[PDB]
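Take a look at this single chain, the form deposited in one PDB entry, given in C-alpha cells.
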C-alpha cells in the first residue's frame, strides 16, 4: 500500500513548500495532492457571497469531504484516480480533471486535512506547519492579490471575518494530532531532514 502523509497548518503557512521540500529530499515515486482541490461546487447564491468575500471557505463543510474520503481510499487501494481542478478566481470547480497514477508516497496538504477522523486515519504520518500569524496574513494577501485576482479590502475582510476565527476553531485544534509540528515551516530544514529520513527508514 502507498505511504500517505497528511500535511496541515493555517492559510499560507507554507504547507505546499514543506511538501515540495520533502519530495526534493527523498527510487521512490511521490505525488502531492492538495485538499483545496476538493472545494465543494458552489451554488449561484454561494458563489455570489464568495465574490463579496462573504463566504466561509475555511469551514469543514466548504470541502467535499465525501469525495476526499473516496479519492484517498482508492489511492490507498493502489488504484489510479482522477482529481478535480479548482479555479480560485471564479470560485468554481473546473470541468477538466487530473489523472494521478499509483505512487509509493502520497502527501495530502490542506488547512483541514486532519479534521475528519475518517480521513485522518488514512494517514500513516501527520505533520503540522506552524508559522507566525502576521507572516501568514502577509502571504495570504500577496498571493490573493497576485495569483487569485482579489482586492486588498476584500481579503482583509474575509480574513478577519472567516479565516482567523475558523483557524482558531477548526484548524488549530487539529494540531494535537500531528506526529511532528514544524515551526517556521519549509525554512526548518532540520525538522524536514529528520522527517525525510524517517520516511526513508519506514520504506526500508
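Take the two forms, find the largest set of C-alpha atoms that superpose within 1.5 Å, and that set is the rigid core. Numbering follows the first chain given and starts at 1.
Peer 1: Could you say which moves further from this form in 8 other deposited structures of this protein, stretch 172-180 or stretch 133-141, by root mean square CA distance after aligning on the core?
Peer 2: Looking at 172-180 versus 133-141 in 8 other deposited structures of this protein, the farther one turns out to be 133-141.
Peer 1: Do the Cα atoms of 187-195 or those of 8-16 sit farther, on average, from the shown form in 8 other deposited structures of this protein after fitting on the core?
Peer 2: Looking at 187-195 versus 8-16 in 8 other deposited structures of this protein, the farther one turns out to be 187-195.
Peer 1: Between residue 26 and residue 27, count the deposited residues left without coordinates and pick a bin: none, 1 to 3, 4 to 9, 10 or more.
Peer 2: Gap between residue 26 and residue 27: 4 to 9 residues without coordinates.
Peer 1: Comparing 93-101 with 107-115, which has the greater mean CA B-factor as deposited?
Peer 2: Higher of the two, by average CA B-factor, is 93-101.
Peer 1: Test of understanding: from the entry's C-alpha B-factors, which stretch has the higher mean, 172-180 or 34-42?
Peer 2: If you average the C-alpha B-factors of 172-180 and of 34-42, the larger mean comes out for 34-42.
Peer 1: Among the choices 164, 47, 136, 59, identify the one whose CA B-factor in the record is greatest.
Peer 2: 47 has the highest C-alpha B-factor of those listed.
Peer 1: Compared with the other modelled residues in the chain, in which third is the CA B-factor of residue 88?
Peer 2: According to the entry, residue 88 has a C-alpha B-factor in the chain's highest third.
Peer 1: According to the PDB entry, is the CA B factor of residue 72 in the bottom, middle or top third of its chain, that is, lowest, middle or highest?
Peer 2: Middle third.
Peer 1: Should residue 7 be placed in the lowest, middle or highest third of its chain by the C-alpha B factor in the entry?
Peer 2: For residue 7, the deposited C-alpha B-factor lands in the lowest third.
Peer 1: When the modelled residues of the chain are sorted by Cα temperature factor, does residue 125 land in the lowest, middle or highest third?
Peer 2: As the PDB entry reports it, the C-alpha B-factor of residue 125 lands in the middle third of its chain.
Peer 1: Going by the recorded CA B-factors, say which third of the chain residue 156 sits in, lowest, middle or highest.
Peer 2: For residue 156, whose C-alpha B-factor we compare with every modelled residue in the chain, the answer is the middle third.
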